[PDB]
Ligand code: HEO
Ligand SMILES: CCCCCCCC/C=C/CCCCCCCC(=O)OC[C@H](COP(=O)(O)OCCN)OC(=O)CCCCCCC/C=C/CCCCCCCC
Ligand SMILES: CCCCCCCC/C=C\CCCCCCCC(=O)O[C@H](COC(=O)CCCCCCC/C=C/CCCCCCCC)COP(=O)(O)OCCN
Ligand code: HEM
Ligand SMILES: [Cu+2]
C-alpha cells in the first residue's frame, strides 16, 4: 500500500533530476539569443502571474480533495478533483495560448537557442501538467466507478505528490525562466 | 489538514505576489530584486514541501526527507557543475 | 607501452612534461596495484582449499589494524597524486603561454570536413593538412572547427585540444627537436575521420621555416575572400597538402563568426 | 503513407546475409515454439511478474545481444587489422561507423545493463527475504522496454542504419544537418525507451530493498550484493533522467529543428557532452557496483570465510554512489576548460578511486586465511581482481588532466574502459551466471567448460587490449577504420588474435550452457544450498518456488542463512502455512512495449500517423491496466504444502535437520 506512494515519491525525485537538467540547459542557453528576443520583451509577466496562481490554486483544491479523501465523502473528492482539473486545464490552455503567440510569430523553438531551451523547459512542465490532467481524469473516472475503496486512495496520494511537485517545479520555473529574464 | 493547507495558501500567495510586484514595479536595485525573488522562491518551495507534500522527518522511517535531501544535493551538484563548467568553458571559447 | 612511441619519448616540452607526469602517476599506483595483484595470487595459492596447514580462520571480519592501512595507503597515494595533479594541471594546461624567450608563432587551425586548414595570420600563408614551425620556438594554435567537433592532436608534441564550431580554443605547443611529427584528429567527425592526418614539419631553424613559407607563397591559388573557404570546406575525405599564397586579413575570425553570428 | 521508410533497407550490401541469418534463426525459434511449448512461454515467461523469470529473461537478452555486440567487435578488429599495413578492408567508412556505434550501444545498454539488472532481479528479492519486487508489474514492463530497445537496435541493422556518430552521439555530428539519416533516430528512440525501462527498474529495486526487506534484517544486515544493488539503483534514479533529458533534447534538435546543441543559432554543443557524461559516468558505476556485490558474495561464499570489511565495504559503496556525480568532467578534459575545473574534477576522479581500492583489498583479505575453493565463479573473481586493478590503475592515469590532454581519445582510453568493463561487469555477470545458475534452473553449470571459458576470456582479453594500451601510447586514436598506419599493424594484429581468443571463450561459454542443459539430470541441486552459501537466497529450493519463501525468515543477523546453518535452525518444517498474495501475471507489459515498438519505429521513420496511434496505444493500455482490479491472487496453502514438503523431501534425503 504505502510502497506505491514511496515509489512515486522517488520517481518524483527522478523528475526533479530531469527538471534540474532542463534548468541547467536553460541557464546556459538563456544568453543564446541569436539576434532574437532576449526574453525580457516576450515573457509578459502578468500573464505568468495569472498562470502562477492558476496552478497555485490547483494545488490547494487538490489538497482539499485529499483531506476529503481522508474522510469518507466521495462527492466532495469528485468536486474538488473536478475543480483541480479545471484549474489545470486553464493553466495548460494559457500555456498553449502563450506558445500559440510565439510559434505563429517568428519566435518558435527553432528561432534561437534561448527560445529552444525556454520552450523545452516550459513545455516539459506543461507536458507533466497535461499528464497530471489525464491522470486526474482517469482517477476521477475510477473514483466514480469504484469509490475511495483501495488502490484508488493510493492513486489520490500519488497524484497529490505529482501535482504539488508540479507546482513546486513551476515555482522554480516562474522564478528562473520568467521573472529573472525580465530583470 | 484544513489549517495547514490554508496556512500554505496565504503564505504561498504572499510569497508569489511580492516577487512579481518587486520585478514588475522595480522599486529596488537589481541585486536586491534577484536576491529577494530567489529567497522568496526557496521559502515558497519549502512551504509547499512542508505544508502540501506533508514532508516530515519520520515519514516511512525516514527515506522521504532523506531521499529529498539526496535529490536536492544531486540537483545542486548537477546544476552548479553545469553552470560552473559551462561558464569556464564558454569563457575559454571566445576571441578574448 | 612502446618505448619509441609518440607518448613515450615525446619531442615537445609540453609532451616531455606530460610523459614525466604519466610515468610518475603510473609509478605512484604500482606500489598499490602491484601489491593488490600479488596478494590476489599469493593468498589464492597459499590458502587454497587443499593447503590444509594454512591458518584457516573463518569469521574474521573486522580488523581495525588492517582496515586502517587499507584506507590510509590509497589516501596517501591519492593526496600526493592530487597535489601533483593540481600542479601539472595549472602547469600543462592549454592556453598557457608556454613561458619561453621566443615569439610564439600563431597558427590558426580550422578542422574542416575531413581535412585540416592552417592559417598563419602573420605570414599570410594557408595550408591544408600541413604545418611548419621553427625548432624550440613556441607555436600558438587558435583551434576551431568548421563542421563538427574534432581534436587537434600532435601526439609526439603532446597535448590535444577540442576544435568546436564557433569556439576558439588556445593550444600552446613547442618542438624541442626538429623533424616531421604526425598529426591527427582525435575526435571522430565522420566518414573521412580516418583521413584527418596532417604533418608538422618542425623546421630546424627560423631560416628553414622562412623557406617553407616562401614555398607556400609560390602557390598560384590564394585564400582571398570567404567564398573560397566554402569551396575548400566542401566535404572531401583524403586531401593532399595544398598551400595558399595569401589569406584574408581576418579569415579565422570570419570562420568563427559564421556560427557565432 | 509509409513516409520515410521506403524500399531501400540494405540491399546493395552484404548485411542482407546477416539479416537473412537473423530471419532464419527467428523462424527456427518460432517453429520450435510452435511444436512443443508455445502457451507456456506466454503464460509463465513473457508475462511474468516474478523477479526470477524476469531476471532470467534479462540475462538471456543480454547473452543474445552479447553475441551481436561481439560480432560487431570482431568485425571492427578484422577491419582495423586489414587496414593497417594493407589495402582497404571489407568495411567502408560508412558501414564501419555504424559498427562501433552499434557495438557500444548494444554492449552498454543491452548487454551490460540487462545482465546486471537480471542478476539484481534474480538475487536481490531472494537475498532480502522478499517474495517479489515492490512493483511486480513495473518489472515486466521495464524488461519489455529493454526488449523494445533491443528490437529497435536490431531493426536498425536491416531497415536503415544505426548512427555514424559514436555510442554517445556527440551533438554536432549527431545533429540533423550532419547526420540527416535515420541512424541517430534509431539511437535516440532505442536509448530513450531503454532508459525509461531502466529508470523504472531502479525505482522498483530501490523500493524493494528499502521496503520489502524481511523483518529483522536492518540496513547493515543486508547482503553486500543488496547494498551494491541499492547503490546502483540510487544512481539509476539520479542519473538516467539526465539520459532521458539530453537524448530528448537531441530529439527536439533533430525533429522540431530546435537549437539546444546546434552550433549555428545560439545553441551550445558543449552542453550535450556535459549532460551526456554527467549521466555516463554514473551509468558506469551503475554497471560496476552490482558486480562488486556479486564478487563480494562469491568471495565470501567460495572462501568459506566471512566477508572481511562489510562496514567498510558498504561505506565504500555508498561513497562511490555519492562521489560519482562530481566526477563527470573527467570525460572531456580536452574540451578546453580552465585548469581549475579540470584539476577539481581530476582530483575528484582520483578520490573516487580510494573506495574501489578499499573494496578490492577487502575482497583480498576475505581470501586471506580462507578455504578458497577454485570454482569457476572464484576463478572469475580472481581474474576480476587482477584485471580490474590494472584497468582502474590506467583509469586514474587518464584521471590526471595533464595526461588526459594527451591520452583522451587514444586506444589507451579504449583499453581502460574495456579493461574495467570486461574484467568488472563481464566477469561479474559470468560469475553470477555460474554462481546463481543452481538458484535459477535446478542444475549446475558444467565446471569443466566454465574454467575453460574463463581461461580463454582472460588470456584473450590480456592479448586483445594490452596491445591497445601500446597503441594508445603510440598515438592511435579511437575510431580509425581506413588507412590506419603501418606502425600500428603489429599491435592491431595481436589485438585481432586476442579478439579471436575471446570469441573462443564466448563459444566455450555457449558450450557450457549446452553441455549443462544436456546434463541437467546428471547433476542437480537437491538441497537448494550448493557451494556452501552464506546469504538468504540458498535457504530456498534450487528452482525456488514462485513465492520463493513461505516464512519470510527472521534473519536478525548479518549473514542470516550462514548463522542458521551454524546454529542448526536452518531447515525447519515451519508448520502452519498462511495464504500469501502473489501478483497475477499480466501481459499488459508486452502490449505497452509493443506499441512502444510501434511508437519508436514510427518516430525513427517519419510515419507520424503510426506514431500517433503508437503513442496513444501505450497510454490507453496504461489506462486500461489501471482499471484492472484483479492484480493479485492468493496461492492456496495446499500448494505451499506440496512445494515445501517436496523441498524438504530432498533436504531430508541428504543431511537435513
Ligand atoms: C563500469 C566500467 C568502468 C569503471 C568501473 C570505470 C572506472 C574508472 N574509470 Fe572509466 N570506468 C569504466 C568504464 C568507462 N570509463 C570510461 C572513461 C573513463 C575516462 C575518460 C577519459 C577521457 O574521456 O578522455 C577516465 C579518466 C576514466 C577513469 C576511470 C577511473 C579513474 C575509474 C576508477 O573508478 C577505477 C577505480 C579502480 C582502481 C583505481 C583500481 C583498484 C584500486 C586499487 C588497487 C587501489 C586504489 C588506490 C590507488 C589507485 C592510489 N574512465 C568510459 C568511456 C570511454 C569513452 O567512450 O570515452 C567507460 C565506458
Ligand atoms: C493522443 C494523446 C496525446 C497526449 C499528448 C500530451 C501528453 C500526455 C501524456 C500522458 C502520459 C500518461 C499519463 C498518466 C496516465 C495513466 C495514469 C494511471 O494509470 O494512474 C494510475 C497509476 C497507477 O496506479 P496503481 O494503483 O499502481 O495502478 C495499478 C494498476 N495498474 O498511478 C501512478 O502512480 C502512475 C503515475 C504516472 C505518472 C506519469 C508521469 C508522466 C511524465 C511525463 C514526462 C514528459 C517529459 C517531456 C517529454 C514528453 C514527450 C515529448
Ligand atoms: C513520447 C516520448 C518517449 C517516451 C514514450 C513512453 C512514455 C511513457 C509510457 C508509459 C511508461 C510508464 C508505464 C507505467 C505503468 C504502470 C506502473 C505502475 O503503476 O506500476 C505498479 C506500481 O505502481 C506505481 O505507481 C509504481 C511506482 C511509482 C512509479 C511512478 C512512475 C511510473 C512511470 C511514469 C512514466 C515515466 C516516463 C515518463 C516520460 C519520460 C520522458 C520520456 C506496479 O506494481 P503492481 O503492484 O504490480 O501494480 C498493479 C499492476 N496491475
Ligand atoms: C569482449 C569483447 C569486446 C571486444 C573485442 C571489443 C572491441 C571493441 C573495439 C575494437 C572497439 C572499437 C575501438 C575503436 O576503434 O575506437 C570497441 C569500442 C567500444 N566498446 Fe567494445 N569490445 C568488447 C566488449 C565490450 C563490452 C563488454 C562493452 C561494454 C559493455 C563495450 C563497449 C564499447 C564501447 C562503449 C565502445 C566505444 C563505442 C564508440 O566509440 O562509439 N565493448 N570495442
Ligand atoms: Cu566518468
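The chain as shown is numbered from 1 upward.
Any Cβ shown, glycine's included, is placed from N, Cα and C.
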Exercise for the section: Look at the Cu(2+) binding annotation in Swiss-Prot, where D:330, D:331 are given, and name the residue from D:259, D:281 listed for that site too. Expected result: D:281
Practice task
Determine from Swiss-Prot whether residue D:539 and residue D:213 lie on identical sides of the membrane.
Solution key: yes
Problem - Residues among the binding-site residues D:103, D:167, D:285, D:418, D:478 that border ligand 5 - Cβ under 6 angstroms, in sequence order - result: none
Problem - From binding-site residues D:331, D:408, D:478, the one whose Cα lies nearest residue D:68 (ubiquinone-8 binding site) - result: D:478
Problem - For the topological domain 'Cytoplasmic' (D:305-308), residues assigned helix / strand / coil by DSSP - result: 0 helix, 0 strand, 4 coil
Exercise for the section: Have a look at the binding-site residues (D:95, D:331, D:416) and report the one with the fewest Cβ neighbours inside 10 Å. Expected result: D:95
Exercise for the section: Using C-alpha positions only, work out which of the binding-site residues D:72, D:331, D:418 is nearest to residue D:408 (Fe(II)-heme o binding site). Expected result: D:331
Completion exercise
Cα of residue D:281 (Cu(2+) binding site) to Cα of residue D:418 (heme b binding site), in Å and rounded, measures 14
Practice task
Enter the number of other CB atoms within 10 angstroms of the CB of residue D:103 (heme b binding site).
Solution key: 22
Completion exercise
DSSP tally for the topological domain 'Periplasmic' (D:604-610), helix/strand/coil in that order, comes to 4 helix, 0 strand, 3 coil
Handout entry: Entries of D:330, D:408, D:478 (binding-site residues) sitting next to ligand 1, with Cβ under 6 Å as the cut-off
Key = D:330, D:408
Fill in the blank from the handout: For residue D:281 (Cu(2+) binding site), the number of neighbouring Cβ atoms whose distance to its own Cβ is within 10 Å equals 21
Problem - heme b site span - longest C-alpha distance across D:103, D:167, D:418, D:478, D:479, in Å - result: 14
